[PDB]
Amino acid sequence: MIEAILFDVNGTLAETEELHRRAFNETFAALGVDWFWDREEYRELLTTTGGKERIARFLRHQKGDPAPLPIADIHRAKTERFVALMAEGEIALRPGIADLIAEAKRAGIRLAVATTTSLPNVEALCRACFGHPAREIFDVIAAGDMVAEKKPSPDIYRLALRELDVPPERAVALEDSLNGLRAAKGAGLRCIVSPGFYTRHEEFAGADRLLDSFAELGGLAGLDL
């Protein structure tokens, strides 16, 4: 059996990206700029992880209004919006996720998050979906700007593994996206993928398992081999 499970957040714990998109767009509108990311645009922008990095990519060549604030300030406002939206309880965990975490806890298996997303989003999602602070759910939280290079860099996973003190051969990652799979694999981890809306078009070569739902894992034993 594995000794630790490392979870991605967006698209893994919950289907969140349309809520991120909303938060971006509503922030743009509040700032009085003409920017608006439709699904087609957002699907492409999602291949750059981290909201600051995504905004920067967009600004490099978009031909609408110039940024009126630093990126970090735009992103901070977006995060406050996302947190507020997340709290409303419209988003639930993806099927299978709650049950896996409960089984892991009963088995004494160590749990981490390993995410590109801002730390407040992790807290918001945990409070909403689990009813507790994130550090009551996960033993280790590796998020956001804790590393210099985001997925597909393995660095966030290497951070999480160091903090867990579990060798990669005894752990497993759950992911939804190709950049996530690449990051996990680059850290030496077996990786179970279940994609979503934005990510299903991707090919997931090297995934240990590729599932339509985490409810198909089959319990902790499905994380083995």
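Note that residue numbering begins at 1 and tracks the sequence as displayed.
According to the PDB record, 61-69 carries the higher mean C-alpha B-factor of the two stretches 180-188 and 61-69. If you average the C-alpha B-factors over 8-16 and over 207-215, the higher value belongs to 207-215. Per the PDB record, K105 has a higher Cα B-factor than any other of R81, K105, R127, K150.
Each of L46, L161, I55, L31 has a CA temperature factor in the record; the biggest one is found at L31. Remark: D145 belongs to the lowest third of its chain, ranked by C-alpha B-factor as recorded.
For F36, the recorded CA temperature factor ranks within the middle third of the chain's modelled residues. When the CA B factors of the chain's modelled residues are split into thirds, the value for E136 lands in the highest one. Split the chain's modelled residues into thirds by C-alpha temperature factor. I74 is in the middle one. Sort the modelled residues of the chain by CA B factor and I91 lands in the highest third.
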